[PDB]
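Trainee: For reference, each letter of the sequence shown is one residue, going 10 to 414 in the entry's author numbering.
Supplied in structure tokens, the structure appears directly below.
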Amino acid sequence: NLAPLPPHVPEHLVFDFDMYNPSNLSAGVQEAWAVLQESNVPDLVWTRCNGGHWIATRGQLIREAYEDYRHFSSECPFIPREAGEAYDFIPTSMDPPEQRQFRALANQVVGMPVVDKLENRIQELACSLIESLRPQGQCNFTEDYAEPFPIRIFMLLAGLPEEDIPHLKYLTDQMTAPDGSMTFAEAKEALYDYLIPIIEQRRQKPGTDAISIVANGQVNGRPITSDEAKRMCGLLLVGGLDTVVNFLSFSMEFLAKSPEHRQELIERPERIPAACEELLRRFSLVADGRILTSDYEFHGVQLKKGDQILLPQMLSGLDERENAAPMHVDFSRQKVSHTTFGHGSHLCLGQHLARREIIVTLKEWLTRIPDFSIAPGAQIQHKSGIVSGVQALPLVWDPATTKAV
Ligand code: HEM
Ligand SMILES: CC1(C)[C@H]2CC(=O)[C@]1(C)C[C@H]2O
Ligand SMILES: [K+]
Numbered sequence: 010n011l012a013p014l015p016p017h018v019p020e021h022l023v024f025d026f027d028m029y030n031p032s033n034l035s036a037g038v039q040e041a042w043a044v045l046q047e048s049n050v051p052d053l054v055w056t057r058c059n060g061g062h063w064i065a066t067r068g069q070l071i072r073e074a075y076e077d078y079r080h081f082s083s084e085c086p087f088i089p090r091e092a093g094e095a096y097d098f099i100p101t102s103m104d105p106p107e108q109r110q111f112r113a114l115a116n117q118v119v120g121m122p123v124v125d126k127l128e129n130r131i132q133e134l135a136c137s138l139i140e141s142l143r144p145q146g147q148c149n150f151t152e153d154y155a156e157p158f159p160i161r162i163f164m165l166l167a168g169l170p171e172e173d174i175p176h177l178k179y180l181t182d183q184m185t186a187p188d189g190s191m192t193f194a195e196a197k198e199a200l201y202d203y204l205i206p207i208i209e210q211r212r213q214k215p216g217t218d219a220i221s222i223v224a225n226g227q228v229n230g231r232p233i234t235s236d237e238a239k240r241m242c243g244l245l246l247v248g249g250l251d252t253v254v255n256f257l258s259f260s261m262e263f264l265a266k267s268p269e270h271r272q273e274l275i276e277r278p279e280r281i282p283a284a285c286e287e288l289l290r291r292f293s294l295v296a297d298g299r300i301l302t303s304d305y306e307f308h309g310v311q312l313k314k315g316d317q318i319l320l321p322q323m324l325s326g327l328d329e330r331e332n333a334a335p336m337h338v339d340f341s342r343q344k345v346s347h348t349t350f351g352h353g354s355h356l357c358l359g360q361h362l363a364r365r366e367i368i369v370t371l372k373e374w375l376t377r378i379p380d381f382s383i384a385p386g387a388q389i390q391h392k393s394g395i396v397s398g399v400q401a402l403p404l405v406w407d408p409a410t411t412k413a414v
């Protein structure tokens, strides 16, 4: 349902890609997006869907634009424009140099030292969950594992009660892959209002949790305000609750459908870190963007001030110019090139936590439930958006084949 072509946009660059409902979604969501890398598709195209915006389709351009924050601003990073304008999460809605003071604070609460700290706890959350599912011979992996494992890890990190999980998870869904019940803005404001009273509790009586640290943080030589803390904690929550959740489901759908790749990791456990990186390339799932700060000529194309440009992080590693046979999963692939965690100054802060959650899941699942497949008669369906995902993943196994360590 398409917006009229802006005067400055050449009509031969039009390709009406809908990022929330792409044409070939039934073939798998990465497959659907990959059509933007067809021979007949330009390196930089314009879609009239979702209010109209640019799309960079190749890794070269995507990296280039994410590096140039002077022209491509993160102030309005979501499509549609109404979402992007409402978007005020910290650090992401800020450009350097102002972004950097807030990024250091956020890195304090989810960075590698924190993750090393939480290793034994992450390991047990996984094992407890899997040992509980193991004798049942079946699960809906998205809501039985993919959702609770990362989210309990985050609630742990944030010092938040697991009672609040249903409320919170719903809100984050609306911001990346909404049904239509709430706009981005009201979903975001709901999350903010959840966090305000907790932030104000913890400014006064400090702490070791992510919220306490953020609420007591110092930025620009001053205390962080309750409103800044809120904009940052909201982002950490969205980060903590929606991407890994979705990625685990892509990777497990794949392993469920490929006994060979399972047995490779079963037989060669040391390969699991390398396998994790190649899964991150193949089932890359993020796509947001930037907004033009001024009129600018970019690879032969005149971009105007206020134009929005989708720079799909997902597409870089599926680009056949960056990786040979991109849709093929090769755990021994020699140079794994992707931008799954982003590129430029907003490079994912949670990527060390994310890899840990992924690698612990692969290790602990295949150690206990080595053999499993898609439930008979089931057809897996994907969804698309800022963060694409899997709607459901019913898995089955013979409990007799399962192990206890
Ligand atoms: C598979 C897992 C994940 C993927 C693929 C992913 C992807 C990304 C991407 C592509 C960006 C850059 C977005 C942009 O440039 O606009 C980003 C940023 C960010 N991510 Fe992640 N993410 C993951 C997990 C996490 C986790 C677990 C957290 C934990 C809180 C997290 C927190 C953040 C934060 C705070 C930023 C903003 C950094 C900044 O703006 O400076 N992410 N993520
Ligand atoms: C695009 C993101 C994945 C990234 C910045 C966002 O707003 C996210 C949706 C959460 C954060 O990690
Ligand atoms: K904004």
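Where a beta carbon is used, it is the ideal one built from N, C-alpha and C, also for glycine.
Determine the extent of the alpha helix (DSSP H) in which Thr370 is found, giving its start and end residues.
Mentor: If you number the sequence shown from 1, residue 370 lands on position 361. Taken as a continuous stretch (DSSP letters only), the alpha helix (DSSP H) holding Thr370 covers 360 to 377.
Trainee: Output the boundary residues of the beta strand (DSSP E) element that contains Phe307.
Mentor: Within the sequence shown, the letter at position 298 stands for residue 307. Segment 305 to 307, the beta strand (DSSP E) holding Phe307.
Trainee: Would you say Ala135 and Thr349 are within 8 Å of each other, going by their C-beta atoms?
Mentor: Position 126 of the sequence shown, counting from 1, holds the residue named residue 135. Position 340 of the sequence shown, counting from 1, holds the residue named residue 349. No; because the gap between Cβ atoms is not below 8 Å, this pair is not in contact.
Trainee: According to the Cβ coordinates, are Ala196 and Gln183 closer than 8 Å?
Mentor: Reading the sequence shown from its first residue, position 187 is the one you call residue 196. Reading the sequence shown from its first residue, position 174 is the one you call residue 183. Contact flag set, yes.
Trainee: Between which residues of its own chain and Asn59 is the CB-CB distance below 6 Å, once the five residues before and five after are set aside?
Mentor: If you number the sequence shown from 1, residue 59 lands on position 50. Same-chain partners within the cutoff: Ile88, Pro89.
Trainee: For residue 8 versus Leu319, is the C-beta spacing smaller than 8 Å?
Mentor: Missing from the structure shown is residue 8; the chain here goes from 10 to 414 and no further.
Trainee: Alpha carbon to alpha carbon, how far is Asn10 from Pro335? Give it in angstroms, no decimals.
Mentor: As a first step, residue 335 must be located in the sequence shown, where it is residue number 326. As a first step, residue 10 must be located in the sequence shown, where it is residue number 1. Cα to Cα, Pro335 sits roughly 31 Å from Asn10.
Trainee: Check whether the Cβ of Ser82 lies closer than 7 Å to any heavy atom of ligand 3, and answer yes or no.
Mentor: As a working mapping, residue 82 is identified with position 73 in the sequence shown. Outside the cutoff, so no.
Trainee: Touch check for the stretch 189 to 204 and the stretch 153 to 160: three-plus C-beta pairs under 8 Å?
Mentor: no
Trainee: My guess is that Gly216 and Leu114 are in contact by the Cβ rule of under 8 Å, so how many angstroms apart are they, rounded?
Mentor: The count along the sequence shown starts at 1 and reaches residue 216 at position 207. The count along the sequence shown starts at 1 and reaches residue 114 at position 105. Going by Cβ atoms, the distance from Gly216 to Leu114 rounds to 15 Å, so no, they are not a contact pair.
Trainee: Does ligand 2 have a heavy atom nearer than 7 Å to the CB of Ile395?
Mentor: Within the sequence shown, residue 395 is the residue found at index 386, counting from 1. True, at least one ligand heavy atom lies under 7 Å from that Cβ.
Trainee: Flag this pair as yes or no: are the beta carbons of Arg79 and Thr376 separated by less than 8 Å?
Mentor: Counting from 1 along the sequence shown, the entry for residue 79 is found at position 70. Counting from 1 along the sequence shown, the entry for residue 376 is found at position 367. Cβ atoms of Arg79 and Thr376: not closer than 8 Å.
Trainee: Quick one: is the Cβ of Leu245 within less than 7 Å of any heavy atom of ligand 1?
Mentor: On the sequence shown, residue 245 is found 236 positions in, with the first residue counted as 1. Checking every heavy atom of ligand 1 against the Cβ of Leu245, one is found closer than 7 Å.
Trainee: Can you tell me which of the three DSSP states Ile383 falls into?
Mentor: The residue labelled residue 383 in the question sits at position 374 within the sequence shown. Reduced to three states, the DSSP call for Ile383 is strand.
Trainee: Take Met261 and list the residues in its own chain whose beta-carbon comes closer than 6 Å to its own, dropping the five residues that flank it on each side.
Mentor: In the sequence shown, residue 261 corresponds to position 252, counting from 1. Scanning its chain for C-beta atoms nearer than 6 Å, with the 5 sequence neighbours on each side dropped, one finds around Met261 the residues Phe150, in chain order.
Trainee: Ligand 3 heavy atoms versus the CB of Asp104: any closer than 7 Å?
Mentor: Residue 104 sits at position 95 when you count from the first residue of the sequence shown. Flag unset: Cβ of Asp104 not near ligand 3.
Trainee: Rounding to the nearest angstrom, what Cα-Cα distance links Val253 and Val119 in this structure?
Mentor: Position 244 of the sequence shown, counted from the first residue, corresponds to residue 253. Position 110 of the sequence shown, counted from the first residue, corresponds to residue 119. Their backbone Cα atoms lie some 14 Å apart in a straight line.
Trainee: Identify, in the order they occur along the chain, each residue of the same chain with its Cβ nearer than 8 Å to the Cβ of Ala413, setting aside the five sequence neighbours on each side.
Mentor: As a first step, residue 413 must be located in the sequence shown, where it is residue number 404. Here the set comprises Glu140, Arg143, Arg377.
Trainee: Bridge partners for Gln311 per DSSP, in chain order?
Mentor: What you label residue 311 is simply residue 302 of the sequence shown in a count that begins at 1. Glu306, per the DSSP bridge assignment.
Trainee: Roughly how far, in whole angstroms, is the beta-carbon of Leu356 from the beta-carbon of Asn116, given that I think they are within contact range, below 8 Å?
Mentor: Position 347 of the sequence shown, counted from the first residue, corresponds to residue 356. Position 107 of the sequence shown, counted from the first residue, corresponds to residue 116. At roughly 11 Å, the Cβ-Cβ gap does not stay under 8 Å, so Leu356 and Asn116 are not in contact.
Trainee: Can you give me the start and stop residues for the alpha helix (DSSP H) that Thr56 sits inside?
Mentor: Indexing the sequence shown from 1 puts residue 56 at position 47. Not the alpha helix (DSSP H): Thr56 falls in the beta strand (DSSP E), residues 53 to 56.
Trainee: Short of 7 Å in beta carbon distance, which residues of its chain neighbour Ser393, apart from the five on each side in sequence? Order them along the chain.
Mentor: What you label residue 393 is simply residue 384 of the sequence shown in a count that begins at 1. For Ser393, where only same-chain residues beyond five positions count, the Cβ hits under 7 Å are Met28, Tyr29, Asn30, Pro31, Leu34, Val38, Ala41.
Trainee: Expressed to the nearest angstrom, what Euclidean distance is found between the alpha-carbon atoms of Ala155 and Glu306?
Mentor: The sequence position of residue 155 within the sequence shown is 146, counting from 1. The sequence position of residue 306 within the sequence shown is 297, counting from 1. Taking the straight line joining both Cα atoms gives about 43 Å.
Trainee: Please return the same chain residues whose Cβ sits closer than 6 Å to the Cβ of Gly68, not counting the five positions on each side in sequence.
Mentor: For this step, residue 68 is matched to residue 59 along the sequence shown. Short of 6 Å from the beta carbon of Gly68, and not among the five residues preceding or following it, lie these beta carbons of its own chain, in chain order: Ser325, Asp328, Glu331.
Trainee: Sorry if obvious, but does the Cβ on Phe259 come closer than 7 Å to a heavy atom of ligand 1?
Mentor: On the sequence shown, residue 259 is found 250 positions in, with the first residue counted as 1. No.
Trainee: Check whether the Cβ of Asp77 sits closer than 7 Å to any heavy atom of ligand 1, and report yes or no.
Mentor: Working through the sequence shown from its first residue, we reach residue 77 at position 68. No, since every heavy atom of ligand 1 falls outside the 7 Å radius drawn around the Cβ of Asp77.
Trainee: Can you tell me the Cα-Cα spacing of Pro408 and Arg130, whole angstroms?
Mentor: Start at 1 with the first residue of the sequence shown, and residue 408 comes out as number 399. Start at 1 with the first residue of the sequence shown, and residue 130 comes out as number 121. For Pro408 and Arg130, the distance between alpha carbons rounds to 26 Å.
Trainee: Can the beta-carbon of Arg277 be found closer than 8 Å to that of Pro379?
Mentor: Along the sequence shown, read from residue 1 onward, the residue named residue 277 stands at position 268. Along the sequence shown, read from residue 1 onward, the residue named residue 379 stands at position 370. No, the Cβ-Cβ distance between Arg277 and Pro379 is not below 8 Å.
Trainee: Can you name the start and end residues of the beta strand (DSSP E) that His176 belongs to?
Mentor: Counted from its first residue, the sequence shown places residue 176 at position 167. Where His176 is concerned, there is no enclosing beta strand (DSSP E), although the alpha helix (DSSP H) it sits in stretches over 174 to 185.
Trainee: Given a cut-off of 8 Å on the beta-carbon distance, is the pair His62 and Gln317 in contact?
Mentor: On the sequence shown, residue 62 is found 53 positions in, with the first residue counted as 1. On the sequence shown, residue 317 is found 308 positions in, with the first residue counted as 1. Cβ distance < 8 Å, so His62 and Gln317 count as in contact.
Trainee: Identify the continuous alpha helix (DSSP H) that holds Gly243 and give its terminal residues.
Mentor: Position 234 of the sequence shown, counted from the first residue, corresponds to residue 243. Segment 235 to 266, the alpha helix (DSSP H) holding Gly243.
Trainee: Can you find a heavy atom of ligand 3 that lies under 7 Å from the Cβ of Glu94?
Mentor: Numbered from 1 along the sequence shown, position 85 holds the residue referred to as residue 94. Yes, the beta carbon of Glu94 sits closer than 7 Å to at least one heavy atom of ligand 3.
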